[PDB]
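Novice: Contents of coords-v1.cif (mmCIF, C-alpha atoms (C1' of nucleotides); chains and numbers go by the auth columns) are below:
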data_input
#
loop_
_atom_site.group_PDB
_atom_site.id
_atom_site.type_symbol
_atom_site.label_atom_id
_atom_site.label_comp_id
_atom_site.label_asym_id
_atom_site.label_seq_id
_atom_site.Cartn_x
_atom_site.Cartn_y
_atom_site.Cartn_z
_atom_site.B_iso_or_equiv
_atom_site.auth_seq_id
_atom_site.auth_asym_id
ATOM 1 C CA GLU A 1 29.308 -41.736 63.566 0.00 1 T
ATOM 2 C CA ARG A 2 28.094 -40.654 67.006 0.00 2 T
ATOM 3 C CA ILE A 3 26.947 -37.202 65.885 0.00 3 T
ATOM 4 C CA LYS A 4 25.171 -38.765 62.897 0.00 4 T
ATOM 5 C CA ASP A 5 23.355 -41.216 65.177 0.00 5 T
ATOM 6 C CA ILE A 6 22.350 -38.426 67.572 0.00 6 T
ATOM 7 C CA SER A 7 21.160 -36.278 64.665 0.00 7 T
ATOM 8 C CA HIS A 8 19.049 -39.094 63.226 0.00 8 T
ATOM 9 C CA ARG A 9 17.505 -39.904 66.610 0.00 9 T
ATOM 10 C CA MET A 10 16.696 -36.240 67.262 0.00 10 T
ATOM 11 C CA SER A 11 15.236 -35.767 63.778 0.00 11 T
ATOM 12 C CA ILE A 12 13.034 -38.845 64.199 0.00 12 T
ATOM 13 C CA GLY A 13 11.836 -37.681 67.612 0.00 13 T
ATOM 14 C CA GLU A 14 11.010 -34.183 66.395 0.00 14 T
ATOM 15 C CA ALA A 15 9.201 -35.591 63.357 0.00 15 T
ATOM 16 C CA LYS A 16 7.110 -37.917 65.526 0.00 16 T
ATOM 17 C CA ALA A 17 6.197 -35.161 67.991 0.00 17 T
ATOM 18 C CA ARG A 18 5.336 -32.804 65.127 0.00 18 T
ATOM 19 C CA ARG A 19 3.075 -35.401 63.511 0.00 19 T
ATOM 20 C CA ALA A 20 1.213 -36.040 66.762 0.00 20 T
ATOM 21 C CA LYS A 21 0.800 -32.311 67.429 0.00 21 T
ATOM 22 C CA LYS A 22 -0.523 -31.778 63.903 0.00 22 T
ATOM 23 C CA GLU A 23 -3.045 -34.579 64.409 0.00 23 T
ATOM 24 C CA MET A 24 -4.292 -32.989 67.634 0.00 24 T
ATOM 25 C CA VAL A 25 -4.593 -29.530 66.055 0.00 25 T
ATOM 26 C CA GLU A 26 -6.480 -30.855 63.031 0.00 26 T
ATOM 27 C CA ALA A 27 -8.826 -32.736 65.348 0.00 27 T
ATOM 28 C CA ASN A 28 -9.619 -29.621 67.415 0.00 28 T
ATOM 29 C CA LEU A 29 -10.009 -27.108 64.557 0.00 29 T
ATOM 30 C CA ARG A 30 -13.774 -27.554 64.977 0.00 30 T
ATOM 31 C CA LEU A 31 -13.553 -26.533 68.636 0.00 31 T
ATOM 32 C CA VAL A 32 -11.605 -23.471 67.514 0.00 32 T
ATOM 33 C CA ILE A 33 -14.438 -22.553 65.145 0.00 33 T
ATOM 34 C CA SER A 34 -17.104 -23.127 67.806 0.00 34 T
ATOM 35 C CA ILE A 35 -15.288 -20.761 70.172 0.00 35 T
ATOM 36 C CA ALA A 36 -14.572 -18.119 67.518 0.00 36 T
ATOM 37 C CA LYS A 37 -18.222 -18.032 66.416 0.00 37 T
ATOM 38 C CA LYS A 38 -19.009 -15.831 69.449 0.00 38 T
ATOM 39 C CA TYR A 39 -16.667 -12.885 68.704 0.00 39 T
ATOM 40 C CA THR A 40 -17.897 -11.829 65.282 0.00 40 T
ATOM 41 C CA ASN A 41 -18.710 -8.191 64.469 0.00 41 T
ATOM 42 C CA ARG A 42 -16.059 -6.775 66.812 0.00 42 T
ATOM 43 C CA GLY A 43 -13.695 -5.288 64.226 0.00 43 T
ATOM 44 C CA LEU A 44 -12.259 -8.594 62.987 0.00 44 T
ATOM 45 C CA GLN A 45 -13.598 -10.958 60.359 0.00 45 T
ATOM 46 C CA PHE A 46 -14.505 -14.582 60.974 0.00 46 T
ATOM 47 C CA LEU A 47 -11.386 -16.092 59.401 0.00 47 T
ATOM 48 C CA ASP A 48 -9.084 -13.801 61.397 0.00 48 T
ATOM 49 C CA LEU A 49 -10.695 -15.028 64.617 0.00 49 T
ATOM 50 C CA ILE A 50 -10.374 -18.617 63.401 0.00 50 T
ATOM 51 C CA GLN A 51 -6.655 -18.190 62.703 0.00 51 T
ATOM 52 C "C1'" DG B 1 -15.722 -28.066 15.897 0.00 1 P
ATOM 53 C "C1'" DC B 2 -18.844 -24.788 14.654 0.00 2 P
ATOM 54 C "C1'" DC B 3 -24.027 -22.371 15.853 0.00 3 P
ATOM 55 C "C1'" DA B 4 -26.648 -21.223 19.513 0.00 4 P
ATOM 56 C "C1'" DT B 5 -27.804 -20.094 24.305 0.00 5 P
ATOM 57 C "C1'" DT B 6 -26.700 -18.707 28.895 0.00 6 P
ATOM 58 C "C1'" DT B 7 -23.830 -15.885 31.910 0.00 7 P
ATOM 59 C "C1'" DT B 8 -21.234 -11.952 33.481 0.00 8 P
ATOM 60 C "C1'" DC B 9 -19.811 -6.908 32.835 0.00 9 P
ATOM 61 C "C1'" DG B 10 -20.480 -2.246 32.434 0.00 10 P
ATOM 62 C "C1'" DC B 11 -23.614 1.735 31.635 0.00 11 P
ATOM 63 C "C1'" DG B 12 -27.628 4.838 32.553 0.00 12 P
ATOM 64 C "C1'" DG B 13 -27.551 14.527 32.031 0.00 13 P
ATOM 65 C "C1'" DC B 14 -25.505 19.135 34.271 0.00 14 P
ATOM 66 C "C1'" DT B 15 -25.276 22.957 37.728 0.00 15 P
ATOM 67 C "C1'" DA B 16 -27.110 24.762 42.581 0.00 16 P
ATOM 68 C "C1'" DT B 17 -29.169 24.657 47.964 0.00 17 P
ATOM 69 C "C1'" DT B 18 -31.089 22.347 52.626 0.00 18 P
ATOM 70 C "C1'" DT B 19 -27.865 18.418 56.641 0.00 19 P
ATOM 71 C "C1'" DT B 20 -22.991 13.999 61.365 0.00 20 P
ATOM 72 C "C1'" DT B 21 -24.547 8.568 63.857 0.00 21 P
ATOM 73 C "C1'" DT B 22 -26.766 4.563 66.867 0.00 22 P
ATOM 74 C "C1'" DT B 23 -25.878 -4.181 68.723 0.00 23 P
ATOM 75 C "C1'" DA B 24 -22.166 -7.342 70.152 0.00 24 P
ATOM 76 C "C1'" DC B 25 -17.651 -6.134 75.711 0.00 25 P
ATOM 77 C "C1'" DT B 26 -13.226 -11.340 81.527 0.00 26 P
ATOM 78 C "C1'" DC B 27 -9.601 -10.563 84.738 0.00 27 P
ATOM 79 C "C1'" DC B 28 -4.983 -10.578 87.163 0.00 28 P
ATOM 80 C "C1'" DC B 29 -0.100 -10.280 87.573 0.00 29 P
ATOM 81 C "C1'" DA B 30 4.653 -9.579 86.931 0.00 30 P
ATOM 82 C "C1'" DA B 31 7.929 -7.209 84.073 0.00 31 P
ATOM 83 C "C1'" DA B 32 9.246 -3.273 81.166 0.00 32 P
ATOM 84 C "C1'" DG B 33 9.395 1.205 79.142 0.00 33 P
ATOM 85 C "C1'" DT B 34 7.812 5.948 79.530 0.00 34 P
ATOM 86 C "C1'" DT B 35 6.377 10.296 81.742 0.00 35 P
ATOM 87 C "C1'" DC B 36 6.024 14.234 85.125 0.00 36 P
ATOM 88 C "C1'" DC B 37 7.568 16.794 88.824 0.00 37 P
ATOM 89 C "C1'" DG B 38 11.502 18.684 91.075 0.00 38 P
ATOM 90 C "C1'" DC B 39 16.337 20.106 91.349 0.00 39 P
ATOM 91 C "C1'" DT B 40 20.923 21.397 89.363 0.00 40 P
ATOM 92 C "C1'" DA B 41 23.967 24.086 86.599 0.00 41 P
ATOM 93 C "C1'" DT B 42 25.443 26.718 82.604 0.00 42 P
ATOM 94 C "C1'" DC B 43 24.975 30.207 79.196 0.00 43 P
ATOM 95 C "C1'" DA B 44 23.112 34.038 77.205 0.00 44 P
ATOM 96 C "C1'" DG B 45 20.444 37.978 77.435 0.00 45 P
ATOM 97 C "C1'" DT B 46 18.971 41.946 79.925 0.00 46 P
ATOM 98 C "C1'" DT B 47 19.507 45.681 83.125 0.00 47 P
ATOM 99 C "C1'" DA B 48 21.553 48.715 86.597 0.00 48 P
ATOM 100 C "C1'" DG B 49 25.448 51.139 87.901 0.00 49 P
ATOM 101 C "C1'" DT B 50 29.699 53.817 87.276 0.00 50 P
ATOM 102 C "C1'" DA B 51 33.546 55.806 85.064 0.00 51 P
ATOM 103 C "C1'" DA B 52 35.093 57.964 80.547 0.00 52 P
ATOM 104 C "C1'" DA B 53 34.430 61.380 77.434 0.00 53 P
ATOM 105 C "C1'" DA B 54 32.526 65.376 75.501 0.00 54 P
ATOM 106 C "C1'" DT B 55 30.163 69.600 75.555 0.00 55 P
#
With the file now loaded, output its structure as structure tokens.
Specialist:
Amino acid sequence: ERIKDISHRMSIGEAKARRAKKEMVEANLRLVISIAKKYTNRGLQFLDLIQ
DNA sequence: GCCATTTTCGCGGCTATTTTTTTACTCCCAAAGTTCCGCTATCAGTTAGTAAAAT
């Protein structure tokens, strides 16, 4: 019972942190693009710089 | 649901001989793996010397 409770609490915490981190990343994708716009034509393509 | 019209896809001669191209750009630090010089030590090859043999 105790290990099951600990596992459920840990899984919930990791899921919540992962969701929040995903929200932040999806919000700032546009900042990533704005930064990567300035390093084109240096051997890498635009999408590689974005990733 | 067939009849026509618009959209891709692939093609357009053979041999020679003369000749390179070119934009775009942080830094620092600590930690880790690699190299370059120097020394050692062993083995194998080469060479000098001397005895053994033959004339």
Novice: Using only C-alpha atoms (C1' of nucleotides), I'd like every residue of chain P that has an atom within 10 Å of chain T; please write them out as a ChimeraX atom specification.
Specialist: /P:23-25
Novice: Could you check how far CA of residue 23 in chain T sits from CA of residue 46 in chain T, in Å to one decimal?
Specialist: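 The value is 23.3 Å.
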Novice: Counting all atoms listed in the file, which residue out of T:10, T:44, T:50, T:3 sits closest to residue 29 in chain T?
Specialist: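 Counting all atoms listed in the file, the residue closest to residue 29 in chain T is T:50.
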Novice: Go through T:1, T:8, T:49, T:13 one by one, measure the shortest atom-to-atom distance of each to residue 32 in chain T using all atoms listed in the file, and give the residue with the smallest value.
Specialist: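 That would be T:49, the residue with the smallest distance to residue 32 in chain T.
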Novice: Quick one: distance from CA of residue 31 in chain T to CA of residue 15 in chain T in Å, one decimal?
Specialist: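 Distance reported for this atom pair: 25.1 Å.
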Novice: Using only C-alpha atoms, find the one residue out of T:18, T:33, T:11, T:4 that sits nearest to residue 47 in chain T.
Specialist: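 Answer, going by the shortest atom-to-atom distance: T:33.
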Novice: Build an axis-aligned box that encloses every atom of range 36-46 of chain P listed in the file, pad it by 6 Å on each side, and report its centre and edge lengths in Å to one decimal, as lines of an AutoDock Vina configuration file.
Specialist:
center_x = 15.7
center_y = 28.1
center_z = 84.3
size_x = 31.4
size_y = 39.7
size_z = 26.1
